[PDB]
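**Q** What follows is my_file-v2.pdb, made up of PDB, C-alpha atoms:
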ATOM      1  CA  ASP S   1     -53.465-110.931  40.528  1.00  0.00           C
ATOM      2  CA  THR S   2     -56.206-110.865  43.138  1.00  0.00           C
ATOM      3  CA  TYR S   3     -58.510-107.864  43.038  1.00  0.00           C
ATOM      4  CA  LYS S   4     -61.077-106.940  45.654  1.00  0.00           C
ATOM      5  CA  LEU S   5     -64.447-105.254  45.285  1.00  0.00           C
ATOM      6  CA  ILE S   6     -66.215-103.390  48.062  1.00  0.00           C
ATOM      7  CA  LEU S   7     -69.852-102.765  47.256  1.00  0.00           C
ATOM      8  CA  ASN S   8     -71.627-100.003  49.123  1.00  0.00           C
ATOM      9  CA  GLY S   9     -75.012-100.218  47.487  1.00  0.00           C
ATOM     10  CA  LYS S  10     -78.230 -98.852  48.950  1.00  0.00           C
ATOM     11  CA  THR S  11     -79.158-102.433  49.785  1.00  0.00           C
ATOM     12  CA  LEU S  12     -76.403-104.568  48.265  1.00  0.00           C
ATOM     13  CA  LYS S  13     -73.248-104.165  50.324  1.00  0.00           C
ATOM     14  CA  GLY S  14     -70.284-106.459  50.807  1.00  0.00           C
ATOM     15  CA  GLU S  15     -66.972-107.570  49.372  1.00  0.00           C
ATOM     16  CA  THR S  16     -65.673-110.065  46.835  1.00  0.00           C
ATOM     17  CA  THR S  17     -62.453-110.908  45.003  1.00  0.00           C
ATOM     18  CA  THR S  18     -61.437-112.040  41.532  1.00  0.00           C
ATOM     19  CA  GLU S  19     -58.292-113.372  39.904  1.00  0.00           C
ATOM     20  CA  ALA S  20     -57.318-111.162  36.988  1.00  0.00           C
ATOM     21  CA  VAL S  21     -54.100-110.222  35.210  1.00  0.00           C
ATOM     22  CA  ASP S  22     -55.036-106.559  34.857  1.00  0.00           C
ATOM     23  CA  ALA S  23     -57.074-104.013  36.802  1.00  0.00           C
ATOM     24  CA  UNK S  24     -59.372-103.660  32.637  1.00  0.00           C
ATOM     25  CA  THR S  25     -60.333-107.301  33.327  1.00  0.00           C
ATOM     26  CA  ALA S  26     -60.917-106.714  37.040  1.00  0.00           C
ATOM     27  CA  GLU S  27     -62.822-103.469  36.539  1.00  0.00           C
ATOM     28  CA  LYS S  28     -64.959-104.803  33.731  1.00  0.00           C
ATOM     29  CA  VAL S  29     -65.547-108.767  36.264  1.00  0.00           C
ATOM     30  CA  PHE S  30     -66.549-106.378  39.018  1.00  0.00           C
ATOM     31  CA  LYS S  31     -68.420-103.836  36.955  1.00  0.00           C
ATOM     32  CA  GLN S  32     -70.642-107.736  35.431  1.00  0.00           C
ATOM     33  CA  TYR S  33     -70.764-108.500  39.163  1.00  0.00           C
ATOM     34  CA  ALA S  34     -72.141-105.193  40.400  1.00  0.00           C
ATOM     35  CA  UNK S  35     -74.662-105.650  36.486  1.00  0.00           C
ATOM     36  CA  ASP S  36     -75.881-108.844  38.206  1.00  0.00           C
ATOM     37  CA  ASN S  37     -76.187-107.396  41.716  1.00  0.00           C
ATOM     38  CA  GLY S  38     -77.988-104.367  40.304  1.00  0.00           C
ATOM     39  CA  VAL S  39     -75.546-101.908  41.842  1.00  0.00           C
ATOM     40  CA  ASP S  40     -74.989 -98.556  40.159  1.00  0.00           C
ATOM     41  CA  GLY S  41     -72.699 -96.267  42.099  1.00  0.00           C
ATOM     42  CA  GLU S  42     -69.448 -94.345  41.952  1.00  0.00           C
ATOM     43  CA  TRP S  43     -66.421 -96.523  41.326  1.00  0.00           C
ATOM     44  CA  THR S  44     -63.227 -95.751  43.192  1.00  0.00           C
ATOM     45  CA  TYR S  45     -60.072 -97.839  42.917  1.00  0.00           C
ATOM     46  CA  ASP S  46     -57.358 -98.253  45.512  1.00  0.00           C
ATOM     47  CA  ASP S  47     -54.511 -99.436  43.301  1.00  0.00           C
ATOM     48  CA  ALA S  48     -52.328-100.119  46.332  1.00  0.00           C
ATOM     49  CA  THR S  49     -54.505-102.951  47.603  1.00  0.00           C
ATOM     50  CA  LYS S  50     -56.107-103.517  44.197  1.00  0.00           C
ATOM     51  CA  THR S  51     -59.551-102.841  45.623  1.00  0.00           C
ATOM     52  CA  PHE S  52     -62.504-101.251  43.859  1.00  0.00           C
ATOM     53  CA  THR S  53     -65.327 -99.570  45.746  1.00  0.00           C
ATOM     54  CA  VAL S  54     -68.844 -98.913  44.504  1.00  0.00           C
ATOM     55  CA  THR S  55     -70.369 -96.038  46.411  1.00  0.00           C
ATOM     56  CA  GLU S  56     -74.061 -96.023  45.588  1.00  0.00           C
TER
END
Show me the file's structure as structure tokens.
**A**
Amino acid sequence: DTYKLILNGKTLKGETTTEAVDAXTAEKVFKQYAXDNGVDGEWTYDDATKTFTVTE
């Protein structure tokens, strides 16, 4: 499955996608991604479109 991540960091904002079987694997790719991008915000998840959002 293709999951999307919307980052709304104080400086780091944007979107990306990953191929994962489960929204565990996706949450924990996105939550390394947002680790590397230094983003620490509130994580929301739109399960309909399989999109996470990090509201920093």
**Q** Please determine, counting only C-alpha atoms, which residue among S:55, S:11, S:44, S:49 has the shortest atom-to-atom distance to residue 27 in chain S.
**A**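 Of S:55, S:11, S:44, S:49, the one nearest residue 27 in chain S is S:44, counting only C-alpha atoms.
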**Q** Please identify all polymer residues within 10 Å of residue 37 in chain S, counting all atoms listed in the file, omitting same-chain residues fewer than 2 positions from it, and present them as a list in words.
**A**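 In the requested form, the answer reads residues 7, 9, 11, 12, 13, 31, 32, 33, 34, 35, 39 and 40 of chain S.
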**Q** Please return, as a VMD selection string, all polymer residues that have at least one atom within 7 Å of the point (-64.1, -103.4, 41.0); use only C-alpha atoms and the file's own coordinate frame.
**A** chain S and resid 4 to 5 26 to 27 30 to 31 51 to 53
**Q** Find the distance between CA of residue 50 in chain S and CA of residue 29 in chain S and write it in Å to one decimal.
**A**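 Atom-to-atom, CA of residue 50 in chain S to CA of residue 29 in chain S, that is 13.4 Å.
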**Q** So what do you get for CA of residue 56 in chain S versus CA of residue 18 in chain S, distance-wise?
**A**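 Pair CA of residue 56 in chain S / CA of residue 18 in chain S returns 20.8 Å.
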**Q** Separation of CA of residue 54 in chain S and CA of residue 36 in chain S, in Å?
**A**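 Calculated distance between CA of residue 54 in chain S and CA of residue 36 in chain S is 13.7 Å.
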**Q** Nearest to residue 22 in chain S: which of S:48, S:8, S:42, S:3 is it, counting only C-alpha atoms?
**A** S:3
**Q** Because some atoms of range 4-16 of chain S are absent here, can you restore N, CA and C atoms and send them as a CSV table (one decimal), in the frame of the given file?
**A**
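Now in result_19.csv:
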chain,number,residue,atom,x,y,z
S,4,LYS,N,-60.0,-106.9,44.7
S,4,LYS,CA,-61.1,-106.9,45.7
S,4,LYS,C,-62.1,-105.9,45.3
S,5,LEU,N,-63.4,-106.2,45.6
S,5,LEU,CA,-64.4,-105.3,45.3
S,5,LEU,C,-65.3,-105.0,46.6
S,6,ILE,N,-65.4,-103.8,47.0
S,6,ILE,CA,-66.2,-103.4,48.1
S,6,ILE,C,-67.5,-102.7,47.5
S,7,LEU,N,-68.6,-103.3,47.7
S,7,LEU,CA,-69.9,-102.8,47.3
S,7,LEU,C,-70.6,-102.1,48.4
S,8,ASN,N,-70.8,-100.8,48.2
S,8,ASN,CA,-71.6,-100.0,49.1
S,8,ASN,C,-72.9,-99.6,48.5
S,9,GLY,N,-73.7,-100.5,48.1
S,9,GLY,CA,-75.0,-100.2,47.5
S,9,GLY,C,-76.0,-99.8,48.5
S,10,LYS,N,-77.2,-99.3,48.0
S,10,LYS,CA,-78.2,-98.9,49.0
S,10,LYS,C,-78.7,-100.0,49.8
S,11,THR,N,-78.8,-101.2,49.1
S,11,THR,CA,-79.2,-102.4,49.8
S,11,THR,C,-78.1,-103.5,49.7
S,12,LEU,N,-77.4,-103.6,48.5
S,12,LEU,CA,-76.4,-104.6,48.3
S,12,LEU,C,-75.0,-104.1,48.7
S,13,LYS,N,-74.6,-104.5,49.8
S,13,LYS,CA,-73.2,-104.2,50.3
S,13,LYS,C,-72.4,-105.4,50.6
S,14,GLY,N,-71.1,-105.3,50.5
S,14,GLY,CA,-70.3,-106.5,50.8
S,14,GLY,C,-69.0,-106.4,50.1
S,15,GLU,N,-68.3,-107.5,50.0
S,15,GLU,CA,-67.0,-107.6,49.4
S,15,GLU,C,-66.8,-108.9,48.6
S,16,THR,N,-66.0,-108.9,47.6
S,16,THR,CA,-65.7,-110.1,46.8
S,16,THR,C,-64.3,-109.9,46.2
